[PDB]
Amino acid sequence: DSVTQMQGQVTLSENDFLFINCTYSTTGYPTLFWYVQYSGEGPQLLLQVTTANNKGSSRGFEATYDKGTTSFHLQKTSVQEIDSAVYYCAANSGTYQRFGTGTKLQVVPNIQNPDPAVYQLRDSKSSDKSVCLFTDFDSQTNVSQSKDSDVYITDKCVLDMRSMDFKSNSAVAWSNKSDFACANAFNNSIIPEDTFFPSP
């Protein structure tokens, strides 16, 4: 009793149509499941169907029990970004339940009016320590890891000013160093040609 889902990562933009691949090998007449696991949390039954060939729906996902293909493809008409999570497929005919690696779904926002820039911030107490903040860039640009061993650079992450309503991407960088400047950090990433560097 087994399942194979051929995607490790999948990423897309909001409103994109979602489709994740699932085929199973089984000896009995298994009931089939999709489990979802939002980061920080434990897995949870997204949806199940027990008979071919019907379809379950939850939270706007659906999947049909495809006996002819032995398939349980998970499909969503308009992926939102709450949906960023790990999706696990699973059959069960009375075996015990095992889990693969499932598929890691990253949903990224359509950034409306990109305004790339790198700002430098001051400590609120120290006054002397600095940090660099790449922000407002666009969803497709990728922030690469620090090629220098002594500068640390966070991966991209998006925030949402709900009442505004506004999403922005961002990453920060820092180092205890003598020559560290903002122009410098993020050089090993391909930044947009217009990114605004102010003068301190």
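Quick note: we count residues from 1 along the sequence shown, nothing fancier.
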*Going by the B-factors listed in the PDB entry, is the mean over the C-alpha atoms higher for 121 to 129 or for 79 to 87?*
121 to 129
*When the C-alpha temperature factors are averaged for each of 155 to 163 and 28 to 36, which stretch ends up with the higher value in the entry?*
155 to 163
*Based on the PDB record, which member of 93, 106, 112, 71 exhibits the highest Cα temperature factor?*
112
*Just grab whichever of 41, 66, 62, 150 has the top CA B-factor as deposited.*
150
_Within-chain third of residue 13 by Cα B-factor, per the entry_ = lowest
*Determine, from the deposited record, the chain-internal third of the Cα B-factor for residue 22: lowest, middle or highest.*
middle
*Among the modelled residues of its chain, does the C-alpha B-factor of residue 53 lie in the lowest, middle or highest third?*
lowest
*Which third of the chain does residue 143 land in by C-alpha B-factor: lowest, middle or highest?*
highest
